[PDB]
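> Encoded as structure tokens, here's the structure I'll be asking about.
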Amino acid sequence: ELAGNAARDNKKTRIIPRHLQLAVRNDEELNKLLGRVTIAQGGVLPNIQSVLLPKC
DNA sequence: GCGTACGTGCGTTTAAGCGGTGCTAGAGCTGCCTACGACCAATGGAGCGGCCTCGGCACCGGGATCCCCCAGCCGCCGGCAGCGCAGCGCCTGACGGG
């Protein structure tokens, strides 16, 4: 269900692990179930520390 | 280099701590009865294997942003150098005193 919504955003009809890793990581609750599992070819969540960004 | 706030110390003070009750709740165990899960023999069809064909995605090529950059550009202002000047203390007059 969470994965399917992600596939909608990228518009691909076929579900893909990149969706799966993305889906199960945004939900903080489901995150706790798999806090020590790594998905094949999952890729990290898109995140950047604010300080790294330019001052303005 | 600044400065505050947290360590050190002192002086209350109070609730922890001790020792003492007194209770019954609840855990531990036993006796005994039941049902429910394992076991066994059959059965078929759900699932798994083997093909096998379209199109979702990949890939390309092109056009479309769009942030990223920065000199242009001006405003601003303050510093700065020059200029006009305001005030004062002395300089020096006006006029009586020495």
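Shown for chain A, in order and in Swiss-Prot numbering: 65-120.
Recorded method for this deposit: electron microscopy, 4.0 Å.
Cβ coordinates are placed from backbone N, Cα and C, and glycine is handled just like the others.
Feature table excerpt (Swiss-Prot):
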MOD_RES   A:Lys75  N6-(2-hydroxyisobutyryl)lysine
MOD_RES   A:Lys76  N6-(2-hydroxyisobutyryl)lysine
MOD_RES   A:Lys96  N6-glutaryllysine
MOD_RES   A:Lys96  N6-(2-hydroxyisobutyryl)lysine
MOD_RES   A:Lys96  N6-succinyllysine
MOD_RES   A:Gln105  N5-methylglutamine
MOD_RES   A:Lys119  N6-glutaryllysine
MOD_RES   A:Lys119  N6-(2-hydroxyisobutyryl)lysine
> What Cα-Cα separation, expressed in whole Å, is found between A:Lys75 (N6-(2-hydroxyisobutyryl)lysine) and A:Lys96 (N6-glutaryllysine)?
28
> Please state whether DSSP places A:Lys96 (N6-glutaryllysine) in a helix, a strand or coil.
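Going by the DSSP assignment, A:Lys96 (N6-glutaryllysine) falls within a helical segment, counted as helix.
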> With the cut-off set at 10 Å between Cβ atoms, which of these modified residues ends up with the most neighbours? Options: A:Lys75, A:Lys76, A:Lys96, A:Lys119.
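Result of the Cβ crowding comparison: A:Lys76.
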> If I take the Cα of A:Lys96 (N6-glutaryllysine) as reference, which of the modified residues A:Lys76, A:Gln105, A:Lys119 has the closest Cα?
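Going through A:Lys76, A:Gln105, A:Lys119 one by one, the closest to A:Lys96 (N6-glutaryllysine) is A:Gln105.
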> Give me the CA-CA distance between A:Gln105 (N5-methylglutamine) and A:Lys119 (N6-glutaryllysine), in Å, as a whole number.
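Cα of A:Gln105 (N5-methylglutamine) to Cα of A:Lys119 (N6-glutaryllysine) measures 33 Å after rounding.
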> If you count Cβ atoms within 10 Å of the Cβ of the residue listed as 'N5-methylglutamine', leaving out that atom itself, what do you get?
8
> C-alpha of A:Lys76 (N6-(2-hydroxyisobutyryl)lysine) to C-alpha of A:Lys119 (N6-glutaryllysine): distance in Å?
36
> Per DSSP, A:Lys76 (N6-(2-hydroxyisobutyryl)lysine) is which: helix, strand or coil?
coil
